[PDB]
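1. please find the sequence and an experimentally derived structure below.
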Amino acid sequence: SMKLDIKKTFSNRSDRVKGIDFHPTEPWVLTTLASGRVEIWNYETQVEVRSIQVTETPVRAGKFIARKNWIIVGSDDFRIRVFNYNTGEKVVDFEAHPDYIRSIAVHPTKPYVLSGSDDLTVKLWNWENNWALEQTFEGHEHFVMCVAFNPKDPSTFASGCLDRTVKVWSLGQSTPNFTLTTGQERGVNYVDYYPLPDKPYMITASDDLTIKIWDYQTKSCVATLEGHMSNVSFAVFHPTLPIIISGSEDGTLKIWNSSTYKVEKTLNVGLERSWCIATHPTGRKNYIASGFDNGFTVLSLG
C-alpha cells in the first residue's frame with residue numbers, strides 16, 4: 001500500500017541513452033548516448049544547456065562533478081574524458097582501460113573516480129594527482145558492469161559483475177572485503193547502496209529477471225523482487241521515498257515498496273528498452289530520470 005503522485009517533468013527523444021545523471025544545484029540532467037553524443041538538458045526550461053559529439057563509439061558512463069564544474073564520461077573507445085560544462089573545454093582525455101568502460105563513480109568528497117571495465121577490473125583515478133592511476137582492483141572474472149561508492153563509508157565501494165558476484169572493496173587493499181555470490185546466474189548488471197544510515201542494504205539487478213536486496217553485514221539476501229519480463233538493467237533505492245525503482249529491457253519502470261518488496265506501480269513511458277537511472281542527489285521534487293532506446297524522461301514523484 002502506498003500513495004504515489006508521479007508527474008512527467010520533461011521527456012525528449014534521442015538515440016539510445018546509456019548513462020544519465022542529475023546536477024545537484026542546477027536543474028540539469030546529463031545523458032550519454034550510444035551514438036557517442038552527450039547532452040545536458042535543463043528539464044525545467046526544456047532547453048539544451050550544452051551537447052558534445054564526444055566520440056563515434058557508445059558513451060555508457062557519465063557523471064557530473066559539480067564542485068569542479070565538470071562532466072566525466074567513459075566510452076567504448078576505452079577513454080575517459082572530462083569537459084567543463086560552462087566553457088566546453090576538454091579538461092582531460094586518456095585511455096583508462098584496454099576495453100569498454102561500463103560504469104563511472106565519483107567519490108563524494110575526495111578527488112577520486114572509479115571506472116569499471118570489460119577488462120575485468122576497477123581502476124581508481126586521482127584528479128588532484130594529475131589523474132594518476134592510483135590502484136587497479138583485480139578479482140572479477142567477467143565484465144565489471146557497475147561500480148558505486150558506499151555513500152555512508154566511501155572508503156569502500158561495490159562492483160557488480162557478469163561473473164555473478166558483487167565484490168566490496170576498501171581503497172588501498174587489493175582483495176575484496178567480501179564477495180557476494182548472488183545466485184543471479186546470468187550476471188550482475190547493477191549494484192546500488194541504500195543511502196540512509198538505518199539499513200546496511202545494497203541491491204543488485206540481473207539479466208535473469210530478478211532484483212535482490214542484501215544486508216552487507218550478514219551478507220544475506222533480504223528479498224528477491226520478481227516481475228520484470230526481460231533483462232533488468234538497474235534497480236536503485238530512492239533517497240527520500242520508501243521505494244525501489246527498476247527498469248528493464250521489457251520497456252517498463254517498476255516502483256516497488258521498500259518495506260514489503262511488492263510492486264506498487266509499473267510505468268510504460270513508451271521509449272522501448274530502459275537502460276539507466278538517476279535520482280536527484282538532494283531529493284529535489286523526488287526527481288528521477290531514466291534513459292531508454294528512444295530517449296529519456298524526467299519524473300517528479302510524491
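-> Nice, thanks for sending it over. Numbering: from 1, shown residues only.

2. immediately after the helix or strand where residue 223 lies, which helix or strand?
-> Here residue 223 sits within strand 220-226, counting by DSSP states H and E. Sequence order places strand 232-237 as the next helix or strand after strand 220-226, per DSSP H and E.

3. what residues does that following strand touch?
-> Contacts with strand 232-237, where a contact means CB atoms under 8 Å, 6 or more residues apart in numbering, come from 189-190, 192-195, 201, 203-207, 209-211, 225, 243-249, 258, 273-277, 279. Every residue, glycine included, has its C-beta placed from N, CA and C.

4. that one: partners in the sheet, and parallel or antiparallel?
-> As defined by DSSP bridges, the strand partners of strand 232-237 come to strand 243-248 (antiparallel).

5. and residue 109, how many neighbours does it have?
-> Look at residue 109: counted by other CB atoms under 10 Å, it has 7 neighbours.

6. ignore the last one, residue 229
-> Residue 229, neighbours per other CB under 10 Å, totals 11.

7. contact partners of the strand holding residue 223?
-> 182-183, 201, 209-215, 235, 244, 246, 256, 261, 263.

8. buried ones among those?
-> Buried subset of the contacts of strand 220-226 (neighbour count, 16 or more other CB atoms under 10 Å): 182, 201, 209-214, 235, 244, 246, 256, 263.

9. include secondary structure and distance to residue 48 when you put these into CSV, please.
-> Listed next are the buried ones among the contacts of strand 220-226 as CSV, based on DSSP: H, G, I helix; E, B strand; the rest coil; distance: CB to CB, whole Å:
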residue, secondary structure, distance to residue 48
182, coil, 39
201, strand, 37
209, coil, 36
210, strand, 37
211, strand, 33
212, strand, 38
213, strand, 37
214, strand, 39
235, strand, 29
244, strand, 31
246, strand, 28
256, strand, 33
263, strand, 35
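
10. CA-only coordinates of stretch 82-102 in CSV, if you can.
-> Output in CSV follows, covering the C-alpha atoms of stretch 82-102 (Å, rounded to 0.1, in the frame of the first residue of the first chain):
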residue,chain,number,x,y,z
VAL,A,82,36.4,15.3,-18.8
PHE,A,83,34.7,18.5,-20.0
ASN,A,84,34.0,21.8,-18.3
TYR,A,85,30.3,22.3,-18.9
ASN,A,86,30.4,26.1,-18.7
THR,A,87,33.0,26.5,-21.4
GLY,A,88,33.0,23.2,-23.3
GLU,A,89,36.8,22.9,-22.8
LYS,A,90,38.1,19.3,-22.7
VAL,A,91,40.0,19.1,-19.5
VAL,A,92,41.5,15.6,-19.9
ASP,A,93,41.3,12.7,-22.3
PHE,A,94,43.1,9.4,-21.6
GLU,A,95,42.8,5.7,-22.2
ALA,A,96,41.6,4.2,-18.9
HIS,A,97,41.3,0.6,-19.9
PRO,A,98,42.1,-1.7,-22.8
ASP,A,99,38.4,-2.5,-23.2
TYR,A,100,34.9,-1.0,-22.8
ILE,A,101,34.2,1.3,-19.8
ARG,A,102,30.8,0.3,-18.3
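
11. list the buried residues in it.
-> 82-83, 85, 91, 96-97, 100-102.

12. ok, stretch 29-42 next?
-> 29-42.

13. how about stretch 65-83?
-> Those would be 65-66, 70-83, for stretch 65-83 by 16+ other CB under 10 Å.

14. burial count for residue 239?
-> Using other CB under 10 Å, residue 239 has 18 neighbouring residues.
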